[PDB]
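Enquirer:
2 protein chains.
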Amino acid sequence: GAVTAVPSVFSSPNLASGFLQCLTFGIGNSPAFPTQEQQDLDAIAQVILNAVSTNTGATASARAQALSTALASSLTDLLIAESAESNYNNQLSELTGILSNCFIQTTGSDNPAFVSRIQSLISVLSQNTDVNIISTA
Amino acid sequence: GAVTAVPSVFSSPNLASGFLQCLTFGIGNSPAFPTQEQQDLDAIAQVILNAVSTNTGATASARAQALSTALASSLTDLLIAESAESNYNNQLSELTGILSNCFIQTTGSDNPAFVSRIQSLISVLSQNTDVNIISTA
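Next comes the structure, spelled out in structure tokens:
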């Protein structure tokens, strides 16, 4: 552990715009992301970055961290659900690429912390595929 | 093994707002949350409820699910960061209660899925330290 690279995006409203406008271009550019599914991705993503646009104060650091995981959490949870539960990895490969690429373009780095948060969330999110609770049997 | 019921709070912007109207009072009435930390929590929480409020479309159902995870994620992440990643357990015990209590009042249920998601996210939030990996150089 111990990350030696801090993502300044979530700590700067100006960078939030750049990252947001990168997402809306990347997600709509990848072959794995269809138009109606892009709707939700872009919509949820813009909310997180807008929360960065209102970051100011001593708690901005904590907010940045929270938004970092919140972004990964919401996007991944949404994606998994509408990707046939099992086939979510098909688009996840592209999603992670876009995210990391946008970090490169916006904060000038990859930020290993973000992707680490993602991998951690994926495990617990996909864990809830026990939806065989159908009371038909 | 349990029939999953969907909380109407994530399907109704009027309830989403009401849920926030509970959080703002509950957090500010808990002896583990300072007046400053409270207002920050409220500020982060409202972001998710505003996303619930913007639930419109075919995939709004899945958004409700993702936002559920995002709410648990962001609030806990914010909390852990400002509590040295070790003292979070003190305030975590109150936060988790407030959330469920607000679900009880707003949507009329404990929401077993939400609390389970919280604990699952604890397993990943408390699996790595990120609040002091900052390298602003």
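As they're listed, the protein sequences go chains R and B.
Counting along the first sequence from 1, when you hit position 75 you're at 83 in our numbering, and nothing is skipped either side.
Counting along the second sequence from 1, when you hit position 84 you're at 92 in our numbering, and nothing is skipped either side.
Here a beta-carbon is modelled for each residue, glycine too, at the ideal position from N, C-alpha and C.
(1) Could you please give the first and the last residue of the uninterrupted alpha helix (DSSP H) stretch that includes R/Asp50?
(2) Please return the same chain residues whose Cβ sits closer than 7 angstroms to the Cβ of R/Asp48, not counting the five positions on each side in sequence.
(3) Which word fits B/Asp138, buried or exposed, when buried means at least 16 other C-beta atoms lie within 10 angstroms of its C-beta?
(4) For the putative contact between R/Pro21 and R/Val60, defined by C-beta atoms under 8 angstroms, what is the C-beta separation to the nearest angstrom?
(5) Buried or exposed: where does R/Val17 fall if 16 or more other Cβ atoms within 10 Å of its Cβ makes it buried?
(6) Pop quiz: B/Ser76 and B/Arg125 are said to be a contact at Cβ under 8 angstroms. What is the actual Cβ separation, rounded to whole angstroms?
(7) Excluding five sequence neighbours on each side, which residues of the same chain lie with their C-beta closer than 7 angstroms to the C-beta of B/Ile52?
(8) For a test of the three-state rule: what should DSSP assign to R/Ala40, helix, strand or coil?
(9) Can you check whether the C-beta of B/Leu100 is within less than 7 angstroms of a C-beta belonging to chain R?
(10) Would you mind telling me which residues of chain R sit closer than 8 angstroms to B/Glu90, beta carbon to beta carbon, in chain order?
(11) How would you list, in chain order, the residues of chain R whose beta-carbon sits under 8 angstroms from the beta-carbon of B/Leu86?
(12) Strictly below 8 angstroms CB to CB, what residues from chain R border B/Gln135?
(13) Contact criterion: CB-CB distance below 7 angstroms. Does B/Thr104 meet it with respect to chain R?
(14) Have a look at B/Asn136 and B/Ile130 and give me their C-alpha separation to the nearest angstrom.
(15) Using a cut-off of 7 angstroms between C-beta atoms, extract the partners of B/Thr144 located in chain R.
(16) Leaving out five residues on either side along the sequence, give the residues of the same chain with a beta carbon under 7 angstroms from the beta carbon of R/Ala68.
(17) Any C-beta of chain R sitting closer than 7 angstroms to the C-beta of B/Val132?
Expert: In this structure, then:
(1) That run of the alpha helix (DSSP H) goes 43-60.
(2) Hits under 7 angstroms: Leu86.
(3) In summary, B/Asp138 is buried, with 16 or more beta-carbon neighbours lying within 10 Å of its beta-carbon over all protein chains present.
(4) Contact between R/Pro21 and R/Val60 holds: CB atoms are separated by about 6 angstroms, below the 8 angstroms threshold.
(5) Residue burial annotation: R/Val17 is buried, with at least 16 other C-beta atoms found within 10 angstroms of its C-beta.
(6) The C-beta separation of B/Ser76 from B/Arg125 comes to about 7 angstroms, placing the pair in contact by the 8 angstroms criterion.
(7) Same-chain partners within the cutoff: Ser82, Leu83, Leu86.
(8) Reduced to three states, the DSSP call for R/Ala40 is coil.
(9) By this cut-off, B/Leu100 is not an interface position.
(10) Within chain R, the residues near B/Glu90 are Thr67, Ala70.
(11) Chain order gives the chain R residues near B/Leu86 as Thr67, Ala70, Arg71, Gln73, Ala74, where near means a beta carbon separation below 8 angstroms.
(12) The CB of B/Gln135 comes closer than 8 angstroms to the CB of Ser128 in chain R, given here in chain order.
(13) False, the Cβ-Cβ gap to chain R never drops below 7 angstroms.
(14) If I take the Cα positions, the gap works out to 10 angstroms.
(15) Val14, listed in chain order.
(16) Cβ neighbours of R/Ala68 beyond the five flanking positions: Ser19.
(17) Taking 7 angstroms as the CB threshold, B/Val132 lines the interface with chain R.
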